[PDB]
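Notes follow the structure.
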Amino acid sequence: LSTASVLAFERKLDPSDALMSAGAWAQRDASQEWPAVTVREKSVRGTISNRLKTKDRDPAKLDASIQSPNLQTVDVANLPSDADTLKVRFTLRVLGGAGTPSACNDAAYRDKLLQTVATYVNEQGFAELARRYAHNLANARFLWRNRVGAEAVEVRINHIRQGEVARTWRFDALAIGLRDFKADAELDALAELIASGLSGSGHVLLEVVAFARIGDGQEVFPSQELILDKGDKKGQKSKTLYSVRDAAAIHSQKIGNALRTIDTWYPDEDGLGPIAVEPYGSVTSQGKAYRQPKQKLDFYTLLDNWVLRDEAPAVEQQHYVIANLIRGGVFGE
Amino acid sequence: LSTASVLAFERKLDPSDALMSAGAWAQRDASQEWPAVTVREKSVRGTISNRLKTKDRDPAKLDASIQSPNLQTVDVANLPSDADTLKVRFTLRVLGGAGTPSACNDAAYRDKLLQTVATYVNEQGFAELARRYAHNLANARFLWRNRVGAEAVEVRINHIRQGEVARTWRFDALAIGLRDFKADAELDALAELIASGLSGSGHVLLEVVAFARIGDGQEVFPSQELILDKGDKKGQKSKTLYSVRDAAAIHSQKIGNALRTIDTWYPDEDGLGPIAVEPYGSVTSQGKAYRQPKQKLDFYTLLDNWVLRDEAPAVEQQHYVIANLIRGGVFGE
Amino acid sequence: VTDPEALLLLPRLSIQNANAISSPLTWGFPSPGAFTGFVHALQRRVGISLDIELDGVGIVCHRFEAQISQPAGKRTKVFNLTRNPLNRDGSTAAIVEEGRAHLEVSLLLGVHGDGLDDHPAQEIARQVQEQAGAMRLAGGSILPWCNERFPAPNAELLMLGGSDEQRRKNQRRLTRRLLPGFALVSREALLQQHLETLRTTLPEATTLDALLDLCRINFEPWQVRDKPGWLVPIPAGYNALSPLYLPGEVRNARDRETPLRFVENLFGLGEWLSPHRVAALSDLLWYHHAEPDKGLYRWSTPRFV
Amino acid sequence: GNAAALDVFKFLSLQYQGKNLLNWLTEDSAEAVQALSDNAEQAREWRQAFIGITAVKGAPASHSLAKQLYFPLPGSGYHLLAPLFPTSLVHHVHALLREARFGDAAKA
RNA sequence: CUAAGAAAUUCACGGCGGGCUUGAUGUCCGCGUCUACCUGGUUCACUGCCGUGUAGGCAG
């Protein structure tokens, strides 16, 4: 058998665009009429601060470059001056049926894939991957820079079965670290819920609301937009923040990248912490790709060794390739 | 070993936007419902006062330009006619973890930089830098032109631990000069608090309120926005002041620039006084770069000598390099 | 071609990150082929198992929110992108532009089979809601339940059941829940009418669909020549540029059990109109039909006026 | 493709206007006998290159990144569809939109 | 079975310097608003008494 020419996995764990609002601490139970954090503009004047070339040391030329003022317009987002708590809310739906691709050219390859993932669920459940997903929901890893230096972060998760809430979870997101993976009875019950949603045994819907206690009037950090440059034109606004209906927001893919930061089995190290799961597992902040294909630990060769060659890898690498199956992708030649 | 291609430091010492309000002196302890200073418009007839080209210094052309003067609309902010004291309020968080960059390429470079900063912390604490930051908070240097010619300035600083005030400092901001760094018991306690915040040994949030006794109805100076174009479809508006919702305000980078005005070790002189810590430490009001790269005292050459070639500079320049690390920035190719 | 026995209303569907481009000539609302593919996939997933068939879509678009921007020196607009992960060498990616948007739309679906016979209307509508709240519509996720607690349940409304005046009254009370938006219809006859009255000057057809949907500024005989409604370009469908191919003879097919063809995009004119302007609510249903003897894979809404 | 030799694409129209060499070089190269200006070897090489220029691929090849789509049939299964990017059509409407937006008549 | 399936923009910043808008002025003539009505028909669920009682009744 060979790999299929087309292979396409729909993503599970679909998040919403996380919307921001603001209020005071100890009002967070009544945090439904909290007004949205809006995006404003302001003006910045800076100086010459980057590295200069060795041909451009030239102190008269540097003084000439200083005396031309450097001005930009910058999108900014702040809390109100009487509110010290940022409330970030998104919804997350778990679907199940993680093994079936959305497209496969080879029928025998997709049947071998289906029996492979069926045997994987038969050997053990999703409980390791589901426990790590519940960890990334437990600590507020989706608060990307809003969590850095926060006083107290607190996460509420509401499983909504019918039109009302079915269950609630209450977590202190600063007690649960970002490095190691603990075990807690509420966290394991939430892990059982996300595992049962991933197994096709139901359709799980969660509403996640995080309260960070930052400070009065402080700056929050929503997503930034992509503006490709109008090069032979006027100067542009050199920052643009994401907003949904005049409310500061984080992208859905940003929360999704924050959720799947579970990979602690990459061969380079283990003390730097978990990274996000992807084939040739590469983090954009470091600019360097762990799980290189010259070692046999990337997703593609592991999948080909498990399915085509029937070499089942180690159980943490089975967790890794199953997490890549939940993450999805367009795989092929 | 070489320097990394990308390297970025998030800023510690995050201030908020400073808001302005007005009131009477000796009611400043009850200065919670003080009404905000509003930005109004007024009309300005501009006289002819520029230098002439001397190809246009003919007397008939000069009198013809004087006969038809031009007119603008100008944003202005004054105190009320019954209030003589300006109150300026902001919040500042001290975070800690100043050595770790938020982006890097080389692992060896960031490890060498991390142990260099760790050895800097081990030789001496953050006590000099936090002492100078507490000085720039003690004198109300963040009142840029509002401090000039004031009768009396008083700064109230509140360390805010839970949702209530943990500690209170009271400073006579004109007794603490803008020139030299004295020694005071309450100022050293504030410096120890800021140093404990910078070392990661605590979460520091401060509320800084400044009262300046300027006079009845006098003009205050909020931050000033940027105007690209001007026409008759507007009111020929030529000056725009910054404003949060409905209040005259100061940009957060203005307060931040007045906070880090601590650099007294620049090689040109020291009788002028401290400047803000910048790479190639420059003053826009003077149009000149102190710490030119022709001398060996800018930030980049000092950092490359300290990290790559282990040439640790003098302890004053070590304070300068670590203050530039606390300021943050984009350092790289 | 088939009058539906009853009508189901997918009430207020919120959609994030849906595709906006959907065509190499238009960028606005997505093509109606996506909605016909949605109702066919819903017929596959839950429609078959209830002795129900689904035929067409009516769409009204309560709200639109494109992820675009104006680049500060030009009257045109650019698309907002996302940062893809790095390559295997960790250098960068290859920027391929995609256009995302946010939608609020209702769906009107017709049924012909044993609707009220085997099952009641409420349980059918509720399980179709539960099925459609697990998939995606136009490349973007169906946004799940939020604090919109009011607009949840559907309304399976019998089309020909009851008195004819009572039929107009219940379709008017169904149109009462679809007033915020404006429905979309095909305008091939108005396209052909303007094409024949333009062909007195020159015999070209795509120049018509250019000149139908812009702001034509005619000089002093300074006026603007205008159409009475909201005329938009729509992808009219699919026309094959290659003959029929067997499942196995083409490499890298999606399935080696389904015949393949190479196709080109037919573009046409659509119309956004207020839903009170059409008296019979079964007029708005977008059907897709295949004429596989030639290339015509068409989506439209016949029986509309 | 990836051919940087655009001189052949220029020479397809260099003798195409007013001459049958650039128009008959792809097929029916009877004018290519004088179009080579030499013996049968150069004329045969020119005719072979002109025939290989506009030659169809024949054997079809889709991709994963080629937008394969199902279309339902009237009461039966499905058909697979791969849309091509209409490069000539978008170039035609790009020329029309440049003539509408720019140009001296539109400026006047 | 949806031009399907997949995705982290981001780090840092001093916009302020200064100014006389002025002089002068007639708003004004004239006018038909009328005709005809049940709001309260229990929306006044009150006041006091016996009874330890809020349980239950009474009297106007």
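Nearest 20 debye, what's the magnitude of the dipole of the range C:182-301 about its Cα centre given +1 on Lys and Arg Cβ and -1 on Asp and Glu Cβ?
140
How large is the Kirkwood hydrodynamic radius of the range B:197-273, in angstrom, based on all distinct alpha carbon pairs? All intermediate terms of the calculation are to be shown ahead of the outcome.
Working: mean 1/r = 0.0586 Å⁻¹.
Roughly 17.1 Å, rounded to one decimal.
Using modelled amide H (1.01 Å from N, peptide plane; none on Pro or chain starts), what sits under 5 Å from the amide H of C:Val60, excluding residues fewer than 5 places away?
Close amide H contacts, sequence-distant or interchain: C:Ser106.
Give me the one-decimal nm value for the distance between modelled label points at B:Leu62 and A:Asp184, 7 Å along each residue's Cα-to-Cβ direction.
Here the answer is 7.9 nm between the modelled labels.
Using unit Cβ charges (K, R positive; D, E negative) and no other charged atoms, how large, in debye to the nearest 20, is the dipole of the protein assembly as shown about its Cα centre?
Details: 126 positive and 129 negative charges, 505 e Å.
Taking the Cα centre of the protein assembly as shown as origin, the dipole is about 2420 debye.
Counting helices only, and only those DSSP H runs with n ≥ 4, report the 222 nm mean residue ellipticity of chain B as the sum of -39,500 (n - 2.57) divided by its residues, in deg cm²/dmol to the nearest 500. Could you put the intermediate results ahead of the total?
Numbers: 7 runs with 82 residues, N = 333.
Mean residue ellipticity, 222 nm, calculated: -7500 deg cm²/dmol.
Under a Cβ-Cβ cut-off of 9 Å, what is the net charge of the residues other than B:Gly281 that fall near it, where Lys and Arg count +1 and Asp and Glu count -1? Provide the component values of the computation, followed by the final result.
Details: positive: B:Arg291; negative: B:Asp263, B:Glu278, B:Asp298.
Around B:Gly281, the surrounding residues sum to -2.
Volume per residue, Å³, of the convex hull around the alpha-carbon atoms of the range C:182-301?
Cα convex hull per residue, to the nearest whole number: 165 Å³.
Share of Cα-Cα pairs in the range C:69-149 beyond 20 Å, in percent? Please report the intermediate quantities before stating the final value.
On the way: 2011 of 3240 pairs.
The share of Cα pairs beyond 20 Å in the range C:69-149 comes to 62 percent.
I need the shape label for the range C:140-233. Rule: rounded when a/c is under 1.5, else prolate if a/b > b/c, else oblate, with a, b, c from the alpha carbon gyration tensor.
On the way: a/c = 2.82, a/b = 2.00, b/c = 1.41.
Taking the square roots of the gyration eigenvalues as a ≥ b ≥ c, the range C:140-233 is prolate.
Give me a single rounded figure for A:209-218: the average over its residues of other chain Cβ atoms within 10 Å of their Cβ. If you can, show how the numbers build up before the last one.
Details: counts 0, 0, 0, 0, 4, 5, 9, 7, 12, 10.
Shielding by partners across A:209-218 averages 5.
Output the Cα-based Rg and Dmax of the range C:4-181 in Å, rounding Rg to one decimal and Dmax to a whole number.
Over the range C:4-181's Cα set, Rg and Dmax evaluate to 19.5, 70 Å.
Taking the label point as lying 7 angstrom from Cα along the Cα-to-Cβ axis, what are the distances from B:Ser68 to the corresponding position in the remaining copies, in ascending order and in nanometres?
So the distances to the same position in the other copies read 3.4 nm.
Classify chain B as rounded, prolate or oblate from the Cα gyration tensor: take a ≥ b ≥ c as the square roots of its eigenvalues, call it rounded if a/c is under 1.5, otherwise prolate when a/b beats b/c and oblate if not.
Oblate, because a/c is 1.5 or more while a/b does not exceed b/c.
Quantify how much of the Cα-Cα distance distribution of the protein assembly as shown extends past 41 Å, in percent. Please list the in-between numbers first.
Values: 323908 of 581581 pairs.
Pairs farther apart than 41 Å: 56 percent.
Straight-line reach only, C-alpha to C-alpha below 19 angstrom: list the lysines that D:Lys107 could link to, leaving out same-chain residues fewer than 8 apart.
Cα-Cα hits under 19 Å: C:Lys74.
Find every distance from the label point of A:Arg170 to the corresponding label point in the other copies (7 Å from Cα along Cα→Cβ) and write them in nm, one decimal, shortest first.
When each copy's label point is compared with this one, the spacings are 4.1 nm.
Please report the residue of chain B with the smallest beta-carbon distance to the B-to-A rotation axis, and give that distance in Å, no decimals.
Spelled out as residue then distance in Å, it is B:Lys233, 13.
As a test of the definition: which semi-axes, in Å, follow for the range B:16-144 when you take the square root of five times each eigenvalue of its alpha carbon gyration tensor? Largest first, please. Before the final figure, lay out each step's value.
Values: eigenvalues 473, 183, 38 Å².
After diagonalising the Cα gyration tensor, the semi-axes are 49, 30, 14 Å.
At 7 angstrom along the Cα-to-beta-carbon line, where would the label on B:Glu333 sit relative to the other copies? Give the distances in nm, shortest first.
Nearest to farthest, the other copies are at 3.8 nm.
May I ask you to evaluate 6.51 cos²θ - 1.76 cosθ + 1.60, the Karplus curve with θ = phi - 60°, for each residue of the range B:187-196 and list the ³J(HN,Hα) values in order in whole Hz, giving x for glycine and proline?
Here the 3J(HN,Hα) series is 5, 6, 5, 5, 5, 5, 5, 5, 5, 5 Hz.
Based on the Cα gyration tensor of chain D, what are the three equivalent ellipsoid semi-axes, each the root of five times an eigenvalue, rounded to whole Å and given largest first? Can you show the working numbers first?
On the way: eigenvalues 265, 149, 31 Å².
Over the Cα atoms of chain D, the semi-axes work out to 36, 27, 12 Å.
I'd like the orientation of helix B:107-123 relative to chain B: the angle between its Cα long axis and the longest Cα principal axis, in ° from 0 to 90, rounded to 10.
Result, in degrees: 90.
Can you pull the mean other chain C-beta count within 10 Å for peptide B:9-17?
Details: counts 0, 3, 0, 1, 0, 5, 3, 9, 8.
Rounded to a whole number, the mean comes out at 3.
When chain A is treated as a GNM, springs tying every alpha-carbon pair under 10 Å, which of A:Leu137, A:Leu228, A:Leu303 comes out with the largest mean-square fluctuation?
Its mean-square fluctuation being the largest, the pick is A:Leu228.
Report, as an integer, the average count of C-beta atoms from other chains found within 10 Å of each Cβ along B:100-107.
On the way: counts 0, 1, 3, 4, 4, 5, 3, 5.
The shielding value for this peptide is 3.
By what distance, in whole Å, do the Cα atoms of chain C stretch along each of the three principal axes, largest value first?
Result for chain C: principal-axis Cα extents of 65, 57, 47 Å.
So what are the ³J(HN,Hα) numbers for the range C:173-178, from phi and the Karplus equation (6.51, -1.76, 1.60; θ = phi - 60°), rounded to whole Hz, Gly and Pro as x?
Values, residue by residue: 6, 7, 5, 4, 8, 9 Hz.
Using a Förster distance of 56 Å, how high is the FRET efficiency between C:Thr207 and A:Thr168, based on the Cβ-Cβ distance and rounded to 0.05? Could you put the intermediate results ahead of the total?
Values: r = 62 Å, r/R0 = 1.10.
Rounded to the nearest 0.05, the efficiency is 0.35.
Please report the orientation-averaged projected area of the range B:150-200, defined via the convex hull of its C-alpha atoms, in nm². Spell out each step's value before the answer.
On the way: hull surface 18.5 nm².
Averaged projected hull area, Cα only: 4.6 nm².
Apply the Karplus parameterisation 6.51 cos²θ - 1.76 cosθ + 1.60, with θ equal to phi minus 60°, to every residue of the range B:49-55 and state each ³J(HN,Hα) to the nearest whole Hz, in sequence, with x for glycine and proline.
9, 7, 5, 8, 6, 6, 8
With springs only between Cα atoms under 10 Å, which of A:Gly271, A:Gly96, A:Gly200 fluctuates most in a Gaussian network model of chain A?
A:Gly271
Which of D:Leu69, D:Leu89, D:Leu25 ends up with the largest GNM mean-square fluctuation for chain D, with Cα atoms connected below 10 Å?
Checking each option, the largest mean-square fluctuation is seen for D:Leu89.
May I ask for the distance between the Cα centers of the range A:240-270 and the range D:31-108, given as a whole number of Å?
42
Laboratory data are not the source of any read-out in this text; all were calculated from the coordinates shown. Neighbour counts are summed over all protein chains in view; Cβ atoms, including those assigned to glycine, are modelled from backbone coordinates with ideal geometry.
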